[PDB]
Amino acid sequence: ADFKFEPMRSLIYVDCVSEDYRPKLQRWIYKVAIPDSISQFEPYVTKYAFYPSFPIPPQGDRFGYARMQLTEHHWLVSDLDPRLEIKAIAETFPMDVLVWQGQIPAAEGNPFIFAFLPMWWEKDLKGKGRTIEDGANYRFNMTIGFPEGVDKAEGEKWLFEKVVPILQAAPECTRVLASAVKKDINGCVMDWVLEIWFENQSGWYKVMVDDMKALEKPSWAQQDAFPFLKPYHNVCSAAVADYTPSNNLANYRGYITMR
Amino acid sequence: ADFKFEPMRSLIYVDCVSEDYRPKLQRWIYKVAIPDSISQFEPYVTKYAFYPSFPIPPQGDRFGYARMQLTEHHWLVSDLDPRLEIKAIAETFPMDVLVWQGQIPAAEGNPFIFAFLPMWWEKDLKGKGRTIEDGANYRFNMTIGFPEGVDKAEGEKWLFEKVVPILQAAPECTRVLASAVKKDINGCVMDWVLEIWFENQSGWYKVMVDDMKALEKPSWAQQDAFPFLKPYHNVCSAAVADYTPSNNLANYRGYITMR
Amino acid sequence: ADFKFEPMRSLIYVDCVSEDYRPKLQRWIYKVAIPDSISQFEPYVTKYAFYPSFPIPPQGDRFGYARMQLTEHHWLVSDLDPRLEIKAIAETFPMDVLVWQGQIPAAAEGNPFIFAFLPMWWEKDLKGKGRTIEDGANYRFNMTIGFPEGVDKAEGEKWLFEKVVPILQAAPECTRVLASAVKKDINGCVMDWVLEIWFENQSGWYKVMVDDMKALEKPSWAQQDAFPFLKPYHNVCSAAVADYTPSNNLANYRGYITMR
Amino acid sequence: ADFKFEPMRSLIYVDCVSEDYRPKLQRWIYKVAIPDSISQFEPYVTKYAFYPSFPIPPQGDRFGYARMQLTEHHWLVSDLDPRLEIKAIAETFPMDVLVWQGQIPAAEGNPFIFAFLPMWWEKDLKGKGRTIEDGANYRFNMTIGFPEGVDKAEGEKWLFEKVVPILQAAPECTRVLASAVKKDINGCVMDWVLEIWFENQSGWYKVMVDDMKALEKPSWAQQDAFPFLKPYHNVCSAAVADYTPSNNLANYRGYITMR
Amino acid sequence: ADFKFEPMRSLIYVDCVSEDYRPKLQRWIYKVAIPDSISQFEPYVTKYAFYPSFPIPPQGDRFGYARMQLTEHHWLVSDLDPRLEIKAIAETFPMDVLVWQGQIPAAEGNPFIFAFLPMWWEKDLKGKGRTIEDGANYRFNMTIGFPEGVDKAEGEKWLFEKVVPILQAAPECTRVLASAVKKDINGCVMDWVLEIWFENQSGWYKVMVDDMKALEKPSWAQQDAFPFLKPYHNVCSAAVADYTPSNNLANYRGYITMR
Amino acid sequence: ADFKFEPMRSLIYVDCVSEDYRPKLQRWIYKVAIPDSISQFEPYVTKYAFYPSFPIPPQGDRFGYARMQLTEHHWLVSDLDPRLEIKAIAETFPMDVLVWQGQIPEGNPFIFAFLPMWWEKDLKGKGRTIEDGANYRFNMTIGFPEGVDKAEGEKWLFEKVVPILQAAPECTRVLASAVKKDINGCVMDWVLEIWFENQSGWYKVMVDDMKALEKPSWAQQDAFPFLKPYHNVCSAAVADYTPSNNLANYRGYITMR
Ligand SMILES: O=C1c2c(O)cc(O)cc2O[C@H](c2ccc(O)c(O)c2)[C@H]1O
Ligand SMILES: O=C1c2c(O)cc(O)cc2O[C@H](c2ccc(O)c(O)c2)[C@H]1O
Ligand SMILES: O=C1c2c(O)cc(O)cc2O[C@H](c2ccc(O)c(O)c2)[C@H]1O
Ligand SMILES: O=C1c2c(O)cc(O)cc2O[C@H](c2ccc(O)c(O)c2)[C@H]1O
Ligand SMILES: O=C1c2c(O)cc(O)cc2O[C@H](c2ccc(O)c(O)c2)[C@H]1O
Ligand SMILES: O=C1c2c(O)cc(O)cc2O[C@H](c2ccc(O)c(O)c2)[C@H]1O
Ligand SMILES: O=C1c2c(O)cc(O)cc2O[C@H](c2ccc(O)c(O)c2)[C@H]1O
Ligand SMILES: O=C1c2c(O)cc(O)cc2O[C@H](c2ccc(O)c(O)c2)[C@H]1O
Ligand SMILES: O=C1c2c(O)cc(O)cc2O[C@H](c2ccc(O)c(O)c2)[C@H]1O
Ligand SMILES: O=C1c2c(O)cc(O)cc2O[C@H](c2ccc(O)c(O)c2)[C@H]1O
Ligand SMILES: O=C1c2c(O)cc(O)cc2O[C@H](c2ccc(O)c(O)c2)[C@H]1O
Ligand SMILES: O=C1c2c(O)cc(O)cc2O[C@H](c2ccc(O)c(O)c2)[C@H]1O
Ligand SMILES: [Cl-]
Ligand SMILES: [Cl-]
Ligand SMILES: [Cl-]
Ligand SMILES: [Cl-]
Ligand SMILES: [Cl-]
Ligand SMILES: [Cl-]
Ligand SMILES: [Cl-]
Ligand SMILES: [Cl-]
Ligand SMILES: [Cl-]
Ligand SMILES: [Cl-]
Ligand SMILES: [Cl-]
Ligand SMILES: [Cl-]
Ligand SMILES: [Cl-]
Ligand SMILES: [Cl-]
Ligand SMILES: [Cl-]
Ligand SMILES: [Cl-]
Ligand SMILES: [Cl-]
Ligand SMILES: [Cl-]
Ligand SMILES: [K+]
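Chains as they are written, first to last, in the authors' numbering: chain B, 1 to 106, 130 to 282; chain N, 1 to 106, 130 to 282; chain M, 1 to 107, 130 to 282; chain L, 1 to 106, 130 to 282; chain K, 1 to 106, 130 to 282; chain A, 1 to 105, 131 to 282.
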């Protein structure tokens with residue numbers, strides 16, 4: 001019988017690998033994914049939302065920048081409980097979506136990154152007490168997973184002892200938050216999620232490219248420059264606004280077409 | 001102090017024993033039951049909905065067909081916890097409602136069937152992977168309880184080894200789902216709930232009447248024909264659509280009268 | 001340029017000619033019709049609603065009883081203005097729907135699409151003025167009628183109000199009587215009158231609309247032996263509905279969410 | 001046939017003549033009036049709202065201060081068109097409500136003031152360009168009607184040439200707005216509606232009592248002090264906030280009771 | 001990792017120490033507090049609501065009468081879990097609010136009373152089975168905490184064996200409910216919350232002042248008359264209606280200004 | 001007294017002249033503009049919506065491509081009636097917004138076009154439903170330069186430009202309405218919506234197929250659309266659906282966690 005109370009926030013990194021796909025992918029998301037999703041998890045998900053990503057910044061490609069959006073669930077139970085595999089109605093999820101997101105080509132293909140977190144950030148490392156009145160945030164959400172055969176403790180150490188200090192040093196960076204990915208849920212390859220706030224694109228660039236040149240290149244690096252990880256495979260990211268109109272449990276009133 | 005996290009889906013089988021009662025019963029449900037209900041359980045029920053039943057099919061009477069609707073709650077806690085018996089405001093629930101539903105007459132009445140289930144089906148026995156795009160479903164929801172002094176294991180065996188195979192054999196039947204009733208909650212007499220999908224009434228009839236003639240009549244049978252159980256006492260049912268507008272936690276905006 | 005302020009209530013009489021069609025028709029209505037409709041007229045329709053019909057009563061067939069629902073719009077402008085024919089996105093409205101509703105017979131003769139325009143308020147209040155909702159639940163029998171070809175409209179009117187209505191007023195089982203004249207100038211609808219006639223329940227309806235109405239003289243233009251003396255689904259349609267619907271679509275619709 | 005496009009804002013001044021009545025009156029308003037109202041005018045009213053009145057200030061009684069609320073409609077057509085007298089369902093409006101509001105006593132009662140206006144203010148006389156960011160407003164809405172046999176032109180002149188200048192002189196007064204009442208609609212006795220903003224009660228008092236002592240007492244005065252008009256008969260008023268949660272066409276989800 | 005399922009109803013007693021503050025405080029609550037709050041706890045709070053308090057009755061000051069409102073949350077988890085201290089965006093909560101509520105004097132200064140309860144009343148002591156149809160309720164919600172060095176068991180005994188019987192004796196009192204405050208959550212000084220229903224203000228007065236004169240004055244009393252406790256410090260209260268339009272999770276559509 | 005029933009659809013072409021401005025402009029729109037707007041016109045506007053623009057396509061700059069969104073109102077009355085100038089509460093609309101949109105730095134006009142609520146001309150793709158697939162909806166407005174006969178401009182548009190659209194299978198729809206110049210003296214004359222399947226289709230037709238066009242004598246640039254970007258032409262490409270249907274959807278400026 002028993003089901004465990006397991007309150008979590010999940011993030012899905014939705015890419016769009018080509019502008020010609022964007023209409024079609026966006027359609028599927030707002031016309032199909034939403035109702036199909038709510039139809040299943042309404043009773044045990046307290047918040048379902050999409051945060052469309054800002055235009056990819058210079059060198060965003062190197063950070064596995066998701067060119068469509070972040071998809072964000074708040075669960076009361078583990079969606080990976082085997083018992084939850086059974087659904088009266090199943091979702092309509094064509095191959096094409098995987099093409100559009102870049103999981104498949106038509130190029131090598133790219134994993135589907137679905138990270139589970141506690142509902143609250145584990146580490147507040149810069150900008151505690153910042154209110155919304157303090158101004159609009161360029162919120163750079165980035166997840167990372169250390170390559171195979173790299174001790175996780177060492178990766179952690181690198182992240183917090185070498186990377187974060189650079190963020191703290193930069194006045195252009197207004198906030199730093201981190202949570203450890205719950206690997207015990209769906210075997211997601213990622214280890215950490217961070218959100219790193221700037222004022223704008225230029226701030227992001229200055230810090231995440233230029234300030235990060237100062238970093239020692241680690242021996243396990245999969246690219247020459249920070250983040251030293253394979254785009255879309257061991258790192259994904261998006262820059263998003265403070266607010267989304269796509270708070271789907273409250274806001275969705277059907278797929279009403281423009282006139 | 002402590003309250004157990006106990007996520008469940010419940011079903012109430014609401015009959016209407018006479019067309020002359022229908023206006024009055026429907027009024028009570030939508031004018032009174034909804035606000036009275038929400039007023040009590042809003043904070044610990046994630047979904048409250050009514051699925052009005054399709055017109056009773058031929059020989060539906062023999063299946064304890066609920067001629068008004070299904071009432072459907074999703075609980076986060078056991079509503080039968082004794083501590084939940086205390087309410088500031090109590091509901092308005094007159095005798096007349098029980099007359100209308102057939103719990104009372106005006130020479131014997133019919134029990135109130137209130138079945139608690141896990142939030143997800145335990146057994147998927149036909150039609151896995153069916154999406155909503157596959158077409159409109161005549162969803163025949165049926166619950167059953169084996170008569171007194173009938174070994175539950177034998178009843179189970181009969182159901183899955185004799186009844187279900189007939190459902191699987193019939194191309195007219197698109198889906199079969201089952202959960203065991205949680206008897207430990209409110210001593211509901213029912214043992215199983217199934218949902219059995221057809222394309223329409225004629226499909227339902229063909230299978231649930233005609234194909235079921237082939238069944239051996241068991242020694243505990245309370246009627247000659249399948250389902251071999253006492254209508255409204257050891258079997259209730261309803262046929263409903265895939266969709267209801269009465270998703271009460273989202274949709275209810277008062278008892279607005281037509282003009 | 002100019003567009004006329006033309007506030008109206010319309011009614012569409014949606015039949016379902018067979019129980020095997022009901023799932024499919026209902027699907028189309030709630031999954032497709034709603035979004036397609038709102039997508040077009042949201043800015044100039046103040047209220048869009050469906051009132052599902054109660055189970056067809058005995059001899060309801062003779063009154064063109066719509067076995068699915070009433071569809072109800074409140075317009076700010078005439079939807080039949082020619083300029084409103086142009087739509088960026090068009091609706092998905094397959095033949096099959098017409099089969100299901102009974103406009104087409106599929107593969130004798132089908133049944134017209136009855137789409138009646140009215141003023142937003144009833145023109146005639148003939149019984150039960152001042153009745154509140156506290157007075158109890160209503161079996162609301164909405165019925166529209168059109169007098170056959172070559173029947174003087176004035177005479178039809180006279181018959182309706184001087185012969186039919188008095189029977190309704192005589193019956194204690196009948197709690198309310200309302201009528202409006204159909205706006206024929208809008209979409210050439212064949213109907214002339216819409217009435218709503220309230221009872222307590224089905225039995226009341228039957229007693230009055232069948233039994234009390236036997237007393238009526240059969241008029242010379244009658245298209246059937248018994249009241250309403252008009253061709254089912256062609257010169258008369260009807261539905262019995264509740265006081266309340268959850269399908270108030272402009273407020274309530276949150277997508278086609280499926281049961282679990 | 002034809003119906004005139006007649007876009008108007010109306011105000012009803014709802015008093016509560018005794019604290020013992022307040023529960024009962026408030027109940028009727030939110031439990032009964034709202035649904036009954038929407039049930040009638042949903043299709044031709046674009047906004048229906050209640051603005052509960054702040055606690056009656058010192059000497060508010062002399063201004064016909066409505067101790068319950070303002071009721072506010074936005075019409076597309078004249079509700080006094082005779083054709084609109086016909087309604088399928090009628091409202092439940094007991095005598096008691098009139099007692100509670102003070103239309104009836106137990130030694131003389133008070134008229135029901137229902138004033139129709141254009142949807143936009145006709146005169147902006149102080150504080151043009153004030154935004155909501157400029158701070159919270161004590162919004163003193165007051166309507167007045169000159170006694171019988173008082174030339175309307177003279178009344179107008181008095182109002183704008185003697186009264187208003189005092190408002191403009193007072194720094195405590197942040198805003199002044201006025202519209203002429205549409206007398207042609209429902210024969211309302213009132214001639215003008217003004218809204219006069221302060222920072223708070225004390226500001227209101229300073230200006231509307233103390234500064235107004237300087238006013239010449241006119242020969243038609245029905246009381247010694249400004250506003251020189253018979254409370255609740257030739258003057259009503261309320262002080263309200265910038266925002267109400269009772270925006271009934273959007274917000275109402277039934278009469279849900281506290282737990 | 002693990003987070004405890006901890007379903008609770010909390011109450012905050014919001015005072016307004018001066019009518020000149022009321023506009024400003026009300027503004028902050030509805031313009032700022034709501035969005036700031038929802039922005040944080042939407043996923044783990046099932047109901048967030050304000051119940052504005054009726055006008056302070058005679059001698060209400062002696063009961064720590066909250067002159068603005070009750071603030072009411074329903075939690076799924078303890079908000080005092082240390083891990084919940086971390087928020088991406090923090091709330092805007094100026095000093096001024098504390099002045100307005102009376103926590104600071106800008130007069131002696133008064134604690135912020137934030138009481139956690141089970142979601143259901145622990146004791147039903149009068150009026151069980153009362154429905155909303157039985158009439159409108161003057162709901163007097165009162166919380167109390169016994170002064171320092173007063174045995175809690177004795178306080179309890181006094182409350183239930185001496186105070187409550189007076190409530191039961193009075194036909195003017197329609198309902199009595201009580202829950203023990205969860206002291207283990209946020210060290211709230213209060214021990215009990217009761218709701219005590221009347222028909223109106225006069226009923227309240229008759230019982231809570233006049234009938235309560237009959238009470239023996241205990242040796243620990245901090246004032247001469249019942250409730251024998253220090254206003255706003257060891258007792259707070261409010262009288263509220265059965266219904267509020269400020270059911271914020273459902274109803275809030277922005278801070279829309281009147282016209 | 002009397003107010004004229006004047007049902008109209010308006011479009012505002014909201015640019016964002018720099019990515020560094022985008023956070024700030026977007027904030028103002030969703031945090032401030034919405035409530036300020038609804039607070040004023042709720043009773044006489046039936047639909048208020050934002051359609052965020054797709055990423056600017058190649059050579060979009062030449063079409064006055066609005067890099068933030070389209071803003072879309074449906075009015076029951078003329079918002080330019082002088083009597084509607086009076087508001088209890090006024091909007092917060094700082095200079096900075098005009099900088100961000102590009103009205104202020131040469132500087133670019135504020136394009137606010139009023140239309141009938143229904144398209145006047147349906148020139149390709151009549152009867153297309155939403156089931157026919159997702160649309161790249163290229164909304165473009167144009168105004169002929171000063172001293173250019175309007176009749177000739179019209180003729181050019183419908184007899185030379187549109188036929189190229191009709192010829193292209195990549196173009197699924199063509200719609201046009203004449204701008205109501207009598208309302209707010211908007212400089213634009215026409216609004217068209219022109220549908221494609223995607224960006225590449227748009228480009229193929231609106232750049233490559235349009236090379237075939239004779240360059241008119243009044244042209245303000247060498248290539249189609251032959252009009253001054255952001256001044257005599259603005260445009261946006263948008264989706265069939267927006268979540269920002271503000272009268273229904275807005276529940277406050279709730280921040281991500
Ligand atoms: O929005 C969603 C979404 C999406 O936007 C893009 C995508 O590529 C996959 C998706 O899948 C999400 C999902 C997660 C967990 C579930 O259990 C589920 O049924 C659906 C869905 O909600
Ligand atoms: O959780 C999952 C999921 C889901 O629950 C719901 C849903 O609507 C889509 C989904 O899509 C995920 C997926 C698809 C393709 C892949 O290649 C892959 O690795 C993962 C799957 O894992
Ligand atoms: O709280 C309750 C309730 C309610 O809140 C609202 C309402 O509209 C009906 C109700 O009735 C429920 C009920 C449960 C079991 C029974 O056997 C029964 O007869 C009634 C009761 O639990
Ligand atoms: O809709 C409802 C309902 C109904 O439709 C019909 C009916 O006969 C009883 C009902 O009672 C339901 C209920 C069950 C358990 C509870 O604990 C409760 O509070 C309410 C109520 O929700
Ligand atoms: O716009 C329309 C429309 C729509 O948008 C959506 C929808 O689901 C059905 C519809 O049906 C209407 C209709 C079609 C054909 C007729 O012959 C007729 O009288 C009415 C049509 O006008
Ligand atoms: O619900 C609706 C409906 C329906 O249920 C059944 C049906 O057979 C036709 C319908 O058509 C309605 C409609 C009428 C006029 C229009 O101009 C329009 O756009 C749509 C639609 O709204
Ligand atoms: O339709 C109306 C109405 C209503 O629909 C609902 C309701 O709750 C109250 C109402 O009261 C209004 C009214 C106006 C003037 C009066 O003098 C009076 O007694 C009542 C009336 O216009
Ligand atoms: O809120 C309302 C209201 C009220 O609060 C108090 C009151 O004393 C009368 C009222 O009557 C309003 C109303 C006015 C004109 C109408 O035509 C109508 O139908 C209703 C109603 O809406
Ligand atoms: O409405 C609210 C509120 C209020 O009205 C008045 C007040 O003086 C403080 C407040 O604070 C409440 C709150 C409690 C716990 C939290 O964790 C939180 O984030 C917010 C807030 O919801
Ligand atoms: O969690 C809390 C909280 C919060 O999260 C958000 C918010 O907007 C207000 C809040 O108010 C509470 C508070 C404020 C000041 C105090 O002096 C005090 O004792 C308590 C605090 O408990
Ligand atoms: O009321 C108005 C308004 C508003 O309420 C809210 C808002 O966010 C912007 C606004 O802007 C409108 C406007 C401003 C400047 C212009 O140059 C122009 O053409 C239009 C103004 O009319
Ligand atoms: O959202 C809107 C909007 C906008 O998004 C961007 C912008 O640059 C100006 C704007 O102004 C719109 C508006 C136009 C005319 C009015 O009279 C009014 O009150 C408001 C407003 O609604
Ligand atoms: Cl700001
Ligand atoms: Cl590299
Ligand atoms: Cl009873
Ligand atoms: Cl389909
Ligand atoms: Cl038995
Ligand atoms: Cl057994
Ligand atoms: Cl039998
Ligand atoms: Cl009743
Ligand atoms: Cl016959
Ligand atoms: Cl709405
Ligand atoms: Cl402020
Ligand atoms: Cl007089
Ligand atoms: Cl006097
Ligand atoms: Cl501060
Ligand atoms: Cl009552
Ligand atoms: Cl103490
Ligand atoms: Cl004392
Ligand atoms: Cl909601
Ligand atoms: K480096």
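Note that CB positions come from ideal geometry on N, CA and C, so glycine has one too.
Original post:
What is the DSSP secondary structure of K/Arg27, reduced to helix, strand or coil?
Top reply: helix
Original post:
Does N/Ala88 come within less than 8 Å of chain K when only Cβ atoms are used?
Top reply: yes
**OP:** Keeping to the same chain, check which residues put their C-beta closer than 7 Å to that of N/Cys259; ignore five residues upstream and five downstream.
**Re:** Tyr13, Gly64, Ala66, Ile136 and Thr166
Original post:
Can you list, in chain order, the residues of its chain whose CB lies under 6 Å from that of K/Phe139, leaving out five sequence neighbours each side?
Top reply: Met8, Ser10, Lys205 and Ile208
Original post:
Of the choices B/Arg62, B/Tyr51, B/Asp79 and B/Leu84, whose alpha-carbon is the least far from that of B/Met68?
Top reply: B/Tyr51
Subject >> Residues near M/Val230 in its chain [Cβ-Cβ closer than 6 Å; skip 5 each side] >> reply: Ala193, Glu195 and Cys196
**OP:** Please confirm whether any heavy atom of ligand 17 lies closer than 7 Å to the CB of N/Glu171.
**Re:** yes
Original post:
Along chain L, which residues have their Cβ under 9 Å away from the Cβ of M/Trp227?
Top reply: Simply none; closest approach about 17 Å.
**OP:** State the Cα-Cα distance for the pair B/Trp215 and B/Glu179, rounded to the nearest angstrom.
**Re:** 9 Å
**OP:** Grab the span of the alpha helix (DSSP H) containing N/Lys205 for me, first residue to last.
**Re:** Note, N/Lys205: premise wrong, no alpha helix (DSSP H); not H, not E.
Original post:
Got a sec: which bits of the segment 156 to 180 of chain B sit with their beta carbon under 7 Å from any beta carbon on chain K, in order along the chain?
Top reply: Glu156
**OP:** Look at the alpha carbon of A/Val173 and the alpha carbon of A/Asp265, and state the distance between them as a whole number of angstroms.
**Re:** 34 Å
Subject >> N- and C-terminal bounds of the alpha helix (DSSP H) containing L/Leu98 >> reply: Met95 to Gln101
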